[PDB]
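> Sharing query_12.txt (compact mmCIF, C-alpha atoms and all ligand atoms) below.
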# COMPACT_ATOMS: atom_id res chain seq x y z
CA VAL A 1 133.59 94.12 99.24
CA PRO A 2 132.59 95.01 102.85
CA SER A 3 134.97 96.27 105.54
CA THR A 4 134.73 95.01 109.17
CA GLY A 5 133.31 96.80 112.22
CA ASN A 6 131.05 99.83 112.59
CA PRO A 7 130.61 101.45 109.14
CA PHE A 8 130.43 104.99 110.68
CA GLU A 9 133.92 104.66 112.24
CA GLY A 10 136.59 107.08 111.03
CA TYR A 11 134.27 108.97 108.67
CA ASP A 12 133.13 112.59 108.72
CA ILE A 13 129.37 112.83 108.17
CA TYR A 14 128.49 114.94 105.11
CA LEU A 15 126.12 117.79 106.13
CA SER A 16 122.87 117.97 104.13
CA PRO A 17 122.89 121.03 101.82
CA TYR A 18 119.09 120.92 101.53
CA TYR A 19 118.57 121.02 105.32
CA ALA A 20 121.33 123.65 105.68
CA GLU A 21 119.54 125.89 103.19
CA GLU A 22 116.20 125.35 105.05
CA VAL A 23 117.70 126.16 108.48
CA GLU A 24 119.44 129.25 107.03
CA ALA A 25 116.04 130.51 105.82
CA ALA A 26 114.42 129.59 109.15
CA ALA A 27 117.14 131.49 111.06
CA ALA A 28 116.65 134.53 108.78
CA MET A 29 113.02 134.84 109.98
CA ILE A 30 114.01 134.83 113.68
CA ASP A 31 114.74 138.20 115.29
CA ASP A 32 116.03 137.19 118.74
CA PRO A 33 119.83 136.99 118.25
CA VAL A 34 120.25 134.19 120.84
CA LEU A 35 117.49 132.09 119.20
CA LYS A 36 118.83 132.95 115.71
CA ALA A 37 122.34 131.72 116.52
CA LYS A 38 120.87 128.60 118.15
CA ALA A 39 118.82 127.88 115.00
CA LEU A 40 121.92 128.20 112.77
CA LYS A 41 123.81 125.65 114.94
CA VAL A 42 121.39 122.95 113.63
CA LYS A 43 122.76 122.99 110.04
CA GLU A 44 125.99 121.75 111.67
CA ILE A 45 124.26 118.61 113.00
CA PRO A 46 124.20 115.76 110.48
CA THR A 47 120.85 114.58 109.12
CA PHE A 48 119.76 112.02 106.52
CA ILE A 49 119.01 113.19 102.96
CA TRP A 50 115.58 111.99 101.82
CA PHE A 51 114.89 110.88 98.26
CA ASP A 52 111.11 110.89 98.53
CA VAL A 53 110.52 111.86 94.87
CA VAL A 54 112.26 110.47 91.77
CA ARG A 55 113.01 114.08 90.61
CA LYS A 56 115.61 114.19 93.42
CA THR A 57 117.68 111.22 92.26
CA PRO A 58 120.08 113.39 90.24
CA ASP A 59 120.72 115.55 93.33
CA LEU A 60 122.37 112.47 94.87
CA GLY A 61 125.04 112.76 92.17
CA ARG A 62 125.51 116.43 93.10
CA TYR A 63 125.82 115.54 96.79
CA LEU A 64 128.25 112.64 96.11
CA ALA A 65 130.21 114.94 93.74
CA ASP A 66 130.35 117.56 96.46
CA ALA A 67 131.33 115.01 99.16
CA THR A 68 134.09 113.64 96.89
CA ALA A 69 135.50 117.16 96.32
CA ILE A 70 135.43 117.81 100.10
CA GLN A 71 137.30 114.49 100.57
CA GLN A 72 139.93 115.32 97.95
CA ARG A 73 140.39 118.81 99.48
CA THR A 74 140.51 117.81 103.17
CA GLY A 75 141.81 114.22 103.00
CA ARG A 76 138.96 113.29 105.37
CA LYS A 77 136.88 110.28 104.37
CA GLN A 78 133.19 111.27 103.96
CA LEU A 79 129.92 109.42 104.61
CA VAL A 80 126.63 110.47 102.95
CA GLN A 81 123.42 109.56 104.79
CA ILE A 82 120.38 108.94 102.57
CA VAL A 83 116.82 107.57 102.81
CA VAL A 84 115.14 105.40 100.14
CA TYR A 85 111.46 106.37 100.37
CA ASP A 86 109.29 105.96 97.28
CA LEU A 87 107.58 102.54 97.25
CA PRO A 88 104.37 102.44 95.21
CA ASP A 89 101.22 102.82 97.34
CA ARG A 90 103.50 104.35 99.99
CA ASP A 91 102.36 104.82 103.59
CA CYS A 92 99.56 102.30 103.14
CA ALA A 93 98.05 102.79 106.65
CA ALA A 94 97.78 106.60 106.35
CA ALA A 95 97.30 109.47 103.86
CA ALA A 96 99.75 112.24 104.94
CA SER A 97 102.72 110.91 102.94
CA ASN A 98 101.05 109.40 99.89
CA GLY A 99 103.66 108.93 97.20
CA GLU A 100 103.91 109.67 93.49
CA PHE A 101 103.69 105.95 92.54
CA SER A 102 100.54 103.75 92.35
CA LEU A 103 100.35 99.96 92.00
CA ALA A 104 97.41 100.51 89.59
CA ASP A 105 99.49 102.74 87.26
CA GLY A 106 102.77 100.83 86.63
CA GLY A 107 104.05 101.42 90.18
CA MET A 108 106.47 98.53 90.64
CA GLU A 109 108.28 99.18 87.34
CA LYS A 110 108.47 102.90 88.12
CA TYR A 111 109.95 102.09 91.55
CA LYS A 112 112.59 99.87 89.91
CA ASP A 113 113.46 102.79 87.63
CA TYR A 114 113.71 105.03 90.73
CA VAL A 115 116.17 102.62 92.37
CA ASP A 116 118.23 102.26 89.15
CA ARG A 117 118.48 106.04 88.94
CA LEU A 118 119.85 106.20 92.52
CA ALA A 119 122.23 103.36 91.66
CA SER A 120 123.45 105.08 88.49
CA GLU A 121 124.48 108.26 90.42
CA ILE A 122 126.22 106.12 93.10
CA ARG A 123 128.21 104.31 90.37
CA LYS A 124 129.60 107.70 89.28
CA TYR A 125 131.22 108.35 92.71
CA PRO A 126 132.73 105.18 94.24
CA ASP A 127 135.23 106.85 96.61
CA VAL A 128 132.63 108.00 99.17
CA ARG A 129 130.85 105.86 101.75
CA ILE A 130 127.03 105.81 101.76
CA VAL A 131 124.64 104.78 104.54
CA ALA A 132 121.02 104.24 103.42
CA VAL A 133 117.78 103.84 105.36
CA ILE A 134 115.36 101.67 103.37
CA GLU A 135 111.66 102.57 103.15
CA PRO A 136 110.41 103.93 106.43
CA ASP A 137 107.09 102.44 107.62
CA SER A 138 106.82 99.85 104.82
CA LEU A 139 107.66 96.54 106.50
CA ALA A 140 106.40 97.71 109.92
CA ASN A 141 102.94 98.03 108.32
CA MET A 142 103.26 94.44 107.03
CA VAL A 143 103.61 93.18 110.61
CA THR A 144 100.73 95.10 112.20
CA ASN A 145 98.46 96.49 109.47
CA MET A 146 97.59 93.50 107.30
CA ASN A 147 93.98 94.25 108.31
CA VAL A 148 94.17 97.45 106.18
CA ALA A 149 93.18 96.58 102.55
CA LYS A 150 95.74 98.94 100.96
CA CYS A 151 98.56 97.33 102.99
CA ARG A 152 97.46 93.78 102.07
CA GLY A 153 97.33 94.81 98.40
CA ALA A 154 100.82 96.35 98.65
CA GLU A 155 102.59 93.53 100.53
CA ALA A 156 104.18 91.71 97.58
CA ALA A 157 105.28 95.06 96.11
CA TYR A 158 106.79 96.33 99.38
CA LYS A 159 108.76 93.11 99.82
CA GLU A 160 109.88 93.01 96.19
CA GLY A 161 110.80 96.71 96.27
CA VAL A 162 112.85 96.60 99.45
CA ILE A 163 114.62 93.41 98.28
CA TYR A 164 115.39 95.07 94.92
CA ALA A 165 116.79 98.21 96.62
CA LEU A 166 118.91 96.09 98.98
CA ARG A 167 120.43 93.93 96.22
CA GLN A 168 121.10 96.94 93.95
CA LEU A 169 122.64 99.01 96.73
CA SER A 170 124.62 96.14 98.27
CA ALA A 171 126.12 95.49 94.77
CA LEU A 172 127.50 99.07 94.92
CA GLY A 173 128.93 98.81 98.45
CA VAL A 174 126.26 100.88 100.20
CA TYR A 175 125.60 100.10 103.88
CA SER A 176 121.88 99.60 104.44
CA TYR A 177 119.64 99.74 107.46
CA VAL A 178 116.06 98.61 106.76
CA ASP A 179 113.44 100.64 108.57
CA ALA A 180 111.98 98.65 111.48
CA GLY A 181 109.33 100.87 113.08
CA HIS A 182 109.72 101.80 116.76
CA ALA A 183 109.28 100.68 120.39
CA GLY A 184 105.61 101.74 120.32
CA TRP A 185 104.92 99.96 117.02
CA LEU A 186 106.82 96.65 116.96
CA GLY A 187 108.01 96.47 120.61
CA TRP A 188 104.57 95.38 121.73
CA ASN A 189 105.22 91.78 122.69
CA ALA A 190 102.81 90.31 120.09
CA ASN A 191 104.66 92.05 117.22
CA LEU A 192 108.22 91.08 118.28
CA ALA A 193 108.21 87.51 116.89
CA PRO A 194 106.56 88.32 113.52
CA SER A 195 108.90 91.33 113.12
CA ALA A 196 112.00 89.15 113.62
CA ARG A 197 110.62 86.61 111.14
CA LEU A 198 109.91 89.24 108.46
CA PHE A 199 113.17 91.21 108.67
CA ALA A 200 115.18 87.94 108.71
CA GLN A 201 113.35 86.77 105.57
CA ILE A 202 114.08 90.09 103.78
CA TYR A 203 117.80 89.77 104.69
CA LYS A 204 117.73 86.20 103.27
CA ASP A 205 115.95 87.11 100.01
CA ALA A 206 118.31 90.08 99.49
CA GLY A 207 121.30 87.64 99.63
CA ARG A 208 122.60 87.95 103.23
CA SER A 209 125.19 90.54 102.14
CA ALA A 210 127.25 92.20 104.93
CA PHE A 211 126.40 95.58 103.43
CA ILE A 212 122.87 94.84 104.77
CA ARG A 213 124.00 95.98 108.20
CA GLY A 214 120.83 96.01 110.27
CA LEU A 215 117.74 98.02 111.03
CA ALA A 216 116.81 101.63 111.73
CA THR A 217 114.37 102.56 114.49
CA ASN A 218 112.32 105.53 115.70
CA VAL A 219 112.42 107.21 112.25
CA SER A 220 110.07 110.26 112.19
CA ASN A 221 109.11 109.44 115.75
CA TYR A 222 109.79 110.82 119.25
CA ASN A 223 110.67 107.93 121.60
CA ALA A 224 113.48 108.04 124.15
CA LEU A 225 116.63 106.02 123.54
CA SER A 226 116.52 105.26 127.26
CA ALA A 227 113.91 106.40 129.78
CA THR A 228 114.20 105.94 133.55
CA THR A 229 110.86 107.69 134.19
CA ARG A 230 108.17 105.79 132.25
CA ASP A 231 105.76 107.42 129.76
CA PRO A 232 102.12 106.63 130.80
CA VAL A 233 101.22 106.72 127.07
CA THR A 234 103.10 103.37 126.91
CA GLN A 235 100.51 101.52 129.10
CA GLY A 236 100.33 97.85 128.04
CA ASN A 237 103.77 97.83 126.36
CA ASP A 238 106.68 96.44 128.36
CA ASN A 239 109.40 97.72 125.98
CA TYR A 240 108.73 101.45 126.47
CA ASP A 241 111.87 102.93 124.89
CA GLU A 242 114.16 102.19 121.93
CA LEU A 243 116.91 100.35 123.88
CA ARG A 244 114.38 97.88 125.43
CA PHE A 245 112.83 97.48 121.99
CA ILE A 246 116.22 96.63 120.48
CA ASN A 247 117.27 94.47 123.41
CA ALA A 248 114.10 92.33 122.92
CA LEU A 249 114.22 92.27 119.07
CA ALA A 250 117.95 91.55 118.57
CA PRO A 251 118.02 88.14 120.29
CA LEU A 252 114.95 87.02 118.27
CA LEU A 253 116.52 88.28 115.00
CA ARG A 254 119.69 86.37 115.88
CA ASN A 255 117.58 83.23 116.42
CA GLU A 256 115.94 83.84 112.97
CA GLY A 257 119.46 83.81 111.52
CA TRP A 258 120.47 87.47 111.35
CA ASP A 259 122.89 89.14 113.72
CA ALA A 260 121.44 92.60 113.02
CA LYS A 261 122.96 95.90 114.08
CA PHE A 262 120.92 99.08 114.63
CA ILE A 263 120.77 102.84 114.25
CA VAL A 264 118.32 105.05 116.15
CA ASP A 265 116.71 108.37 115.17
CA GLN A 266 116.72 110.81 118.09
CA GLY A 267 116.10 113.97 116.05
CA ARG A 268 112.82 114.92 117.70
CA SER A 269 113.21 112.97 120.98
CA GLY A 270 114.40 115.84 123.23
CA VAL A 271 111.16 116.01 125.21
CA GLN A 272 109.33 112.90 126.43
CA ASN A 273 105.73 112.56 127.67
CA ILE A 274 104.17 114.93 125.10
CA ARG A 275 101.57 112.54 123.61
CA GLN A 276 98.14 111.48 124.91
CA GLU A 277 98.17 108.29 122.76
CA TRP A 278 101.31 106.43 121.68
CA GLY A 279 100.04 106.02 118.09
CA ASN A 280 100.08 109.81 117.65
CA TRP A 281 102.89 110.62 115.17
CA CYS A 282 101.92 113.76 113.23
CA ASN A 283 103.70 117.04 114.04
CA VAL A 284 103.53 116.29 117.76
CA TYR A 285 103.30 119.54 119.70
CA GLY A 286 106.17 120.60 121.95
CA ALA A 287 108.75 118.12 120.62
CA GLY A 288 112.39 119.19 120.77
CA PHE A 289 115.70 118.26 119.18
CA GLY A 290 117.11 115.27 121.03
CA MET A 291 120.34 113.41 121.68
CA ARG A 292 123.01 114.48 119.14
CA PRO A 293 124.37 112.10 116.48
CA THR A 294 127.05 109.99 118.17
CA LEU A 295 128.91 106.66 117.88
CA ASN A 296 129.02 106.41 121.73
CA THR A 297 125.92 104.26 122.16
CA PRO A 298 124.56 102.25 125.10
CA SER A 299 124.86 98.88 123.27
CA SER A 300 127.16 96.81 121.07
CA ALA A 301 124.10 96.21 118.89
CA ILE A 302 123.67 99.94 118.17
CA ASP A 303 126.13 101.32 115.61
CA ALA A 304 124.95 104.93 115.87
CA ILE A 305 122.52 107.47 117.18
CA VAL A 306 121.43 109.63 114.23
CA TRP A 307 118.94 112.25 113.06
CA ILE A 308 117.06 110.56 110.23
CA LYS A 309 113.91 112.69 110.07
CA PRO A 310 115.03 116.35 109.67
CA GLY A 311 113.16 118.39 112.30
CA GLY A 312 111.16 121.31 110.94
CA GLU A 313 110.01 119.46 107.80
CA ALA A 314 106.33 118.66 108.35
CA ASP A 315 104.81 115.17 108.79
CA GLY A 316 101.44 116.08 107.20
CA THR A 317 98.97 118.88 106.45
CA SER A 318 96.27 119.86 109.00
CA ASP A 319 94.10 121.36 106.22
CA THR A 320 91.04 119.02 106.42
CA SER A 321 90.14 119.67 102.72
CA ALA A 322 93.54 118.62 101.29
CA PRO A 323 93.72 115.31 99.37
CA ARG A 324 96.44 113.99 101.71
CA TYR A 325 94.75 114.97 105.00
CA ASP A 326 95.15 112.34 107.71
CA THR A 327 92.97 112.71 110.84
CA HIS A 328 96.02 112.00 113.07
CA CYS A 329 97.36 115.42 111.91
CA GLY A 330 94.30 117.18 113.41
CA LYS A 331 94.80 115.58 116.85
CA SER A 332 94.71 117.73 120.04
CA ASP A 333 98.47 117.15 120.65
CA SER A 334 99.37 118.08 117.03
CA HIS A 335 100.95 121.41 116.12
CA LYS A 336 98.40 123.23 113.88
CA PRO A 337 98.16 124.67 111.29
CA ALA A 338 100.63 122.31 109.56
CA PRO A 339 101.76 122.42 105.91
CA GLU A 340 102.08 119.42 103.51
CA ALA A 341 104.41 116.58 104.61
CA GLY A 342 108.04 117.37 103.68
CA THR A 343 107.53 121.13 103.47
CA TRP A 344 108.98 123.60 105.95
CA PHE A 345 106.96 124.10 109.14
CA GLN A 346 108.59 127.18 110.69
CA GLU A 347 106.78 127.39 114.07
CA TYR A 348 107.47 123.69 114.62
CA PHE A 349 111.18 124.15 113.96
CA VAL A 350 111.28 127.09 116.42
CA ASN A 351 109.84 124.90 119.19
CA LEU A 352 112.31 122.14 118.28
CA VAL A 353 115.06 124.67 118.80
CA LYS A 354 113.56 126.11 122.02
CA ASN A 355 112.96 122.61 123.43
CA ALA A 356 116.30 121.09 122.41
CA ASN A 357 117.68 118.61 124.95
CA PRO A 358 120.62 118.90 125.11
CA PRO A 359 120.09 122.68 124.66
CA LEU A 360 121.61 124.36 121.59
CA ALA A 361 124.47 126.67 122.60
CA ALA A 362 124.72 129.98 120.67
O1 LIG B 401 106.57 106.41 113.39
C1 LIG B 401 106.11 107.26 112.34
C2 LIG B 401 105.08 106.51 111.49
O2 LIG B 401 104.04 106.04 112.36
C3 LIG B 401 102.77 105.67 111.78
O3 LIG B 401 101.77 105.14 112.66
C4 LIG B 401 102.11 104.03 113.49
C5 LIG B 401 102.49 104.50 114.89
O4 LIG B 401 103.73 105.21 114.81
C6 LIG B 401 102.59 103.32 115.86
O5 LIG B 401 102.85 103.83 117.17
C7 LIG B 401 101.32 102.46 115.86
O6 LIG B 401 101.52 101.27 116.67
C8 LIG B 401 100.36 100.50 117.05
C9 LIG B 401 100.54 99.05 116.57
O7 LIG B 401 100.31 99.01 115.15
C10 LIG B 401 99.60 98.03 117.27
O8 LIG B 401 100.02 96.69 116.98
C11 LIG B 401 99.56 98.26 118.78
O9 LIG B 401 98.69 97.32 119.45
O10 LIG B 401 99.14 99.62 119.04
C12 LIG B 401 100.08 100.60 118.57
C13 LIG B 401 99.52 101.96 118.97
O11 LIG B 401 100.55 102.68 119.66
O12 LIG B 401 100.96 102.12 114.52
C14 LIG B 401 100.86 103.16 113.54
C15 LIG B 401 100.64 102.58 112.15
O13 LIG B 401 99.39 101.90 112.10
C16 LIG B 401 102.29 106.30 110.45
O14 LIG B 401 101.43 105.43 109.70
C17 LIG B 401 103.44 106.73 109.56
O15 LIG B 401 102.94 107.61 108.55
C18 LIG B 401 104.54 107.41 110.38
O16 LIG B 401 105.62 107.74 109.50
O1 LIG B 402 109.31 116.56 98.46
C1 LIG B 402 109.13 117.35 99.64
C2 LIG B 402 110.22 117.10 100.70
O2 LIG B 402 110.21 115.75 101.18
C3 LIG B 402 111.04 115.52 102.33
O3 LIG B 402 110.90 114.17 102.79
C4 LIG B 402 109.81 114.02 103.69
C5 LIG B 402 108.67 113.28 103.00
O4 LIG B 402 108.19 114.08 101.92
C6 LIG B 402 107.55 113.02 103.99
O5 LIG B 402 106.51 112.26 103.37
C7 LIG B 402 108.11 112.27 105.20
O6 LIG B 402 107.05 111.95 106.13
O7 LIG B 402 109.11 113.10 105.81
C8 LIG B 402 110.24 113.30 104.96
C9 LIG B 402 111.32 114.07 105.71
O8 LIG B 402 110.79 115.33 106.14
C10 LIG B 402 112.51 115.83 101.98
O9 LIG B 402 113.33 115.70 103.15
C11 LIG B 402 112.61 117.24 101.38
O10 LIG B 402 113.96 117.50 100.98
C12 LIG B 402 111.63 117.39 100.21
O11 LIG B 402 111.70 118.70 99.61
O1 LIG B 403 98.66 121.75 123.75
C1 LIG B 403 97.83 121.80 122.59
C2 LIG B 403 98.38 122.84 121.62
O2 LIG B 403 98.07 122.50 120.26
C3 LIG B 403 98.67 123.38 119.29
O3 LIG B 403 98.16 123.08 117.99
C4 LIG B 403 98.43 124.88 119.57
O4 LIG B 403 99.28 125.69 118.74
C5 LIG B 403 98.66 125.21 121.05
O5 LIG B 403 98.35 126.59 121.31
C6 LIG B 403 97.82 124.24 121.89
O6 LIG B 403 97.79 124.55 123.29
The structure given in the file should be rewritten as structure tokens.

Amino acid sequence: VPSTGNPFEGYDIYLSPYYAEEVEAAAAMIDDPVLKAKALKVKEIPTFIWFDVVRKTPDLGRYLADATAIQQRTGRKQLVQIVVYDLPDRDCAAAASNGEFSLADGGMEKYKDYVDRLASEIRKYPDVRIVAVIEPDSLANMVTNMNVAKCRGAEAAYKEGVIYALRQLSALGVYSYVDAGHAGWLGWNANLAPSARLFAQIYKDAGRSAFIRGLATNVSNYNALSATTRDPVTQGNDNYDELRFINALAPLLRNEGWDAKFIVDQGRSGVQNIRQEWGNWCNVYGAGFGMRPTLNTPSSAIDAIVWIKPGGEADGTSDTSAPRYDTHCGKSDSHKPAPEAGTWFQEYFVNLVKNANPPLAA
């Protein structure tokens, strides 16, 4: 049964061992001792643990086992931050993140199995709180990319999958935030009403459980939480940062029968005004680590600022011959050469460190 208030309150955030290991190896390739020590400070900043392949599901057990042992040893209640990201025909409007599951080859049933495997590890460790981000990009694409044939063909499956994950996770007391795009995707005034409709319907079909806490925004993106000085890339959009986006979405969601809360990714938001076009998302050059994870937010509607996308892990390959090459990853404002999405992109990480705002102290 669900407790009241902000679900992050009074919990220590478990630090990702996978990202810690990656940063450690990134730091070991950096010779400048002031940059090296700065790099190593990042494994101390909480990020979300992505389960983008079904071969990782058992690692959740290992993380929950580890977090439970920390809790027993310290007496400090722990919270593990995870991302559910493996819908069949994933990333239907792009090719950079492409997914192991196909709708043509038993995809929906395989996704159900993937969710059950996550659920079966979570059952093993009930004494630790979990916060989960559900399927980045999926529903966002249903609002704005129904024109794309692959997204149309995936719609039923996306909705069924997200609803299945929500009901299974909410049964086990996991706090969920469904991915809801960003200010430059759904904050456009035409997409605000249909977004509110869709997320409210998902909430309804998943059973209106209080463990379905709200939405996540700006995942794998670079938008400001709050900008005084406008970004000219946002020309035509009147909600040009994440707070305006949330302040315009929340009342509509309420009206559609869901008092949603929010969390906001700020992991690569340190530097604004680094894109020529607002739809440019792939390995954007010159980005920096942004506002640190905090429960001191500018709104009652926002539970937490977080780092969902772990900076340094690539968004997509720039190798034009690769099967998963997306032309957005070869843009002029993209850091090239880039390795496959998910894999370590060292020079990108280094710039994220160098461009950190607030700066990383050694
Ligand atoms: O945020 C990371 C994900 O983004 C993806 O692309 C989306 C862009 O991020 C988003 O800015 C853009 O928004 C469009 C909108 O669809 C349209 O209604 C409006 O008029 O113009 C905007 C242009 O700024 O949409 C795209 C998706 O089509 C990637 O697909 C995804 O892989 C990535 O994780
Ligand atoms: O399996 C490789 C790698 O995936 C990482 O998740 C990626 C995902 O693969 C990518 O498509 C998406 O755009 O970004 C996320 C986060 O970088 C995951 O974090 C790694 O642990 C994993 O090894
Ligand atoms: O600003 C555009 C930048 O794109 C990147 O891919 C390159 O590494 C930079 O040298 C270049 O200037």
> Given a cut-off of 7 Å, what residues near ligand LIG 402 (chain B) show up using only C-alpha atoms and all ligand atoms, put as a count of residues only?
17
> Ligand LIG 403 (chain B): which residues are within 7 Å, counting all atoms listed in the file? Reply as a PyMOL selection string.
chain A and resi 285+332-337
> Give the residues close to ligand LIG 401 (chain B), within 7 Å, counting all atoms listed in the file; write them as a list in words.
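Final answer, ordered by chain and number: residues 91, 93, 94, 96, 97, 136, 137, 141, 144, 145, 181, 182, 184, 185, 186, 188, 191, 218, 219, 220, 221, 277, 278, 279, 280 and 281 of chain A.
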> Those residues with C-alpha atoms, as a PDB file, in the coordinates of the input please?

ATOM      1  CA  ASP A  91     102.360 104.820 103.590  1.00  0.00           C
ATOM      2  CA  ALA A  93      98.050 102.790 106.650  1.00  0.00           C
ATOM      3  CA  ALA A  94      97.780 106.600 106.350  1.00  0.00           C
ATOM      4  CA  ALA A  96      99.750 112.240 104.940  1.00  0.00           C
ATOM      5  CA  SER A  97     102.720 110.910 102.940  1.00  0.00           C
ATOM      6  CA  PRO A 136     110.410 103.930 106.430  1.00  0.00           C
ATOM      7  CA  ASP A 137     107.090 102.440 107.620  1.00  0.00           C
ATOM      8  CA  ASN A 141     102.940  98.030 108.320  1.00  0.00           C
ATOM      9  CA  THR A 144     100.730  95.100 112.200  1.00  0.00           C
ATOM     10  CA  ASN A 145      98.460  96.490 109.470  1.00  0.00           C
ATOM     11  CA  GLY A 181     109.330 100.870 113.080  1.00  0.00           C
ATOM     12  CA  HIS A 182     109.720 101.800 116.760  1.00  0.00           C
ATOM     13  CA  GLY A 184     105.610 101.740 120.320  1.00  0.00           C
ATOM     14  CA  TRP A 185     104.920  99.960 117.020  1.00  0.00           C
ATOM     15  CA  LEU A 186     106.820  96.650 116.960  1.00  0.00           C
ATOM     16  CA  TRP A 188     104.570  95.380 121.730  1.00  0.00           C
ATOM     17  CA  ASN A 191     104.660  92.050 117.220  1.00  0.00           C
ATOM     18  CA  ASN A 218     112.320 105.530 115.700  1.00  0.00           C
ATOM     19  CA  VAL A 219     112.420 107.210 112.250  1.00  0.00           C
ATOM     20  CA  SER A 220     110.070 110.260 112.190  1.00  0.00           C
ATOM     21  CA  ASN A 221     109.110 109.440 115.750  1.00  0.00           C
ATOM     22  CA  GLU A 277      98.170 108.290 122.760  1.00  0.00           C
ATOM     23  CA  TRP A 278     101.310 106.430 121.680  1.00  0.00           C
ATOM     24  CA  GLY A 279     100.040 106.020 118.090  1.00  0.00           C
ATOM     25  CA  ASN A 280     100.080 109.810 117.650  1.00  0.00           C
ATOM     26  CA  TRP A 281     102.890 110.620 115.170  1.00  0.00           C
TER      27      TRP A 281
END
> Just checking: using only C-alpha atoms, which residue out of A:293, A:257, A:173, A:187 ends up closest to residue A:125?
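Answer, going by the shortest atom-to-atom distance: A:173.
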> For residue A:169, which of A:150, A:254, A:213, A:197 is the closest residue, counting only C-alpha atoms?
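Counting only C-alpha atoms, the residue closest to residue A:169 is A:213.
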> I'd like the box whose edges run along x, y and z of the file and which contains every listed atom of stretch 82-92 of chain A, padded by 8 Å per side; could you state its centre and edge lengths in Å, one decimal, as JSON?

{"center_x": 110.0, "center_y": 105.6, "center_z": 99.4, "size_x": 36.8, "size_y": 22.6, "size_z": 24.4}
> So, with all atoms listed in the file as the atoms that count, which of A:84, A:39, A:206, A:198 lies closest to residue A:359?
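Closest to residue A:359 of all the choices is A:39.
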> For the point (110.2, 97.7, 117.9) in the file's frame, write as a PDB file with C-alpha atoms, in the frame of the given file all residues with an atom no more than 10 Å away, counting all atoms listed in the file.

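What ended up in out.pdb:
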ATOM      1  CA  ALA A 140     106.400  97.710 109.920  1.00  0.00           C
ATOM      2  CA  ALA A 180     111.980  98.650 111.480  1.00  0.00           C
ATOM      3  CA  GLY A 181     109.330 100.870 113.080  1.00  0.00           C
ATOM      4  CA  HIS A 182     109.720 101.800 116.760  1.00  0.00           C
ATOM      5  CA  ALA A 183     109.280 100.680 120.390  1.00  0.00           C
ATOM      6  CA  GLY A 184     105.610 101.740 120.320  1.00  0.00           C
ATOM      7  CA  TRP A 185     104.920  99.960 117.020  1.00  0.00           C
ATOM      8  CA  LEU A 186     106.820  96.650 116.960  1.00  0.00           C
ATOM      9  CA  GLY A 187     108.010  96.470 120.610  1.00  0.00           C
ATOM     10  CA  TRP A 188     104.570  95.380 121.730  1.00  0.00           C
ATOM     11  CA  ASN A 189     105.220  91.780 122.690  1.00  0.00           C
ATOM     12  CA  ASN A 191     104.660  92.050 117.220  1.00  0.00           C
ATOM     13  CA  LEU A 192     108.220  91.080 118.280  1.00  0.00           C
ATOM     14  CA  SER A 195     108.900  91.330 113.120  1.00  0.00           C
ATOM     15  CA  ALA A 196     112.000  89.150 113.620  1.00  0.00           C
ATOM     16  CA  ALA A 216     116.810 101.630 111.730  1.00  0.00           C
ATOM     17  CA  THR A 217     114.370 102.560 114.490  1.00  0.00           C
ATOM     18  CA  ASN A 218     112.320 105.530 115.700  1.00  0.00           C
ATOM     19  CA  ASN A 239     109.400  97.720 125.980  1.00  0.00           C
ATOM     20  CA  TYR A 240     108.730 101.450 126.470  1.00  0.00           C
ATOM     21  CA  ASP A 241     111.870 102.930 124.890  1.00  0.00           C
ATOM     22  CA  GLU A 242     114.160 102.190 121.930  1.00  0.00           C
ATOM     23  CA  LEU A 243     116.910 100.350 123.880  1.00  0.00           C
ATOM     24  CA  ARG A 244     114.380  97.880 125.430  1.00  0.00           C
ATOM     25  CA  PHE A 245     112.830  97.480 121.990  1.00  0.00           C
ATOM     26  CA  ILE A 246     116.220  96.630 120.480  1.00  0.00           C
ATOM     27  CA  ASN A 247     117.270  94.470 123.410  1.00  0.00           C
ATOM     28  CA  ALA A 248     114.100  92.330 122.920  1.00  0.00           C
ATOM     29  CA  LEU A 249     114.220  92.270 119.070  1.00  0.00           C
ATOM     30  CA  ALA A 250     117.950  91.550 118.570  1.00  0.00           C
TER      31      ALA A 250
END
> So, with all atoms listed in the file as the atoms that count, which of A:95, A:225, A:163, A:26 lies closest to residue A:205?
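Closest residue, counting all atoms listed in the file: A:163.
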> Leaving out residue A:222 and any residue of its chain fewer than 3 positions from it, which residues lie within 9 Å of it when counting only C-alpha atoms, given as a compact mmCIF listing (two decimals) with C-alpha atoms, in the coordinates of the input?

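Generated output (result27.txt):
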# COMPACT_ATOMS: atom_id res chain seq x y z
CA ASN A 218 112.32 105.53 115.70
CA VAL A 219 112.42 107.21 112.25
CA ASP A 265 116.71 108.37 115.17
CA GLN A 266 116.72 110.81 118.09
CA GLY A 267 116.10 113.97 116.05
CA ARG A 268 112.82 114.92 117.70
CA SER A 269 113.21 112.97 120.98
CA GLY A 270 114.40 115.84 123.23
CA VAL A 271 111.16 116.01 125.21
CA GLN A 272 109.33 112.90 126.43
CA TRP A 281 102.89 110.62 115.17
CA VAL A 284 103.53 116.29 117.76
CA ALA A 287 108.75 118.12 120.62
CA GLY A 288 112.39 119.19 120.77
CA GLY A 290 117.11 115.27 121.03
> Enter the distance from atom CA of residue A:345 to atom CA of residue A:286, in Å, rounded to one decimal.
13.3 Å
> Pick out the residues sitting within 12 Å of residue A:153, and hand them over as a PyMOL selection string; count all atoms listed in the file, and ignore anything fewer than 2 positions along from it in its own chain.
chain A and resi 88-90+92-93+102-104+141-142+145-151+155-159
